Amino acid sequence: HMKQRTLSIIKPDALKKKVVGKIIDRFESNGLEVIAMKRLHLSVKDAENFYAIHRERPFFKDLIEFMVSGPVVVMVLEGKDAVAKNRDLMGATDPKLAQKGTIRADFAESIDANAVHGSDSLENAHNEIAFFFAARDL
């Protein structure tokens, strides 16, 4: 019920499909604003620090390799209930489970290459935004 900010990443698979515009438009048409944005190529160090909470998760090694395999677009989205709204529009992490009409349903091929990242909580949103943006840039 508040005006929140959350992090979105358009992963290397969506960039290669050239669906950055369609995905950004999904957020803009659904009550969110892109208030910060840059295209970049993550180093391994960047990717391991960003996903440090998952270092012992079994998907870690494959996750890092995929996330440095090509450039991404990182964005801060702003709007009412932004953290929850972003997750609703992305759909289930796994495209095979995502509801029709979500980003992962529309643009993702596998759970390993599932088009977008979004912060899963308000606490993670704070750290993830701060990882990519100095506060003067927002």
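Residue numbers here begin at 1 and follow the sequence given.
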### Task
Give the stretch, out of 91-99 and 55-63, with the larger mean C-alpha temperature factor in the deposited entry.
55-63
### Message
I need to verify one thing: averaged over C-alpha atoms only, is the B-factor higher for 81-89 or for 68-76?
### Response
81-89
#### Entry: Of the residues 37, 32, 111, 42, the one carrying the largest Cα B-factor as recorded
111
### Query
Would the CA B-factor of residue 20 place it in the lowest, middle or highest third of its chain?
lowest
### Task
Using the B-factor values recorded in the entry, state whether the Cα atom of residue 6 falls in the lowest, middle or highest third among the modelled residues of its chain.
middle
#### Entry: Position of residue 130 among the chain's modelled residues by C-alpha B-factor, lowest, middle or highest third
highest
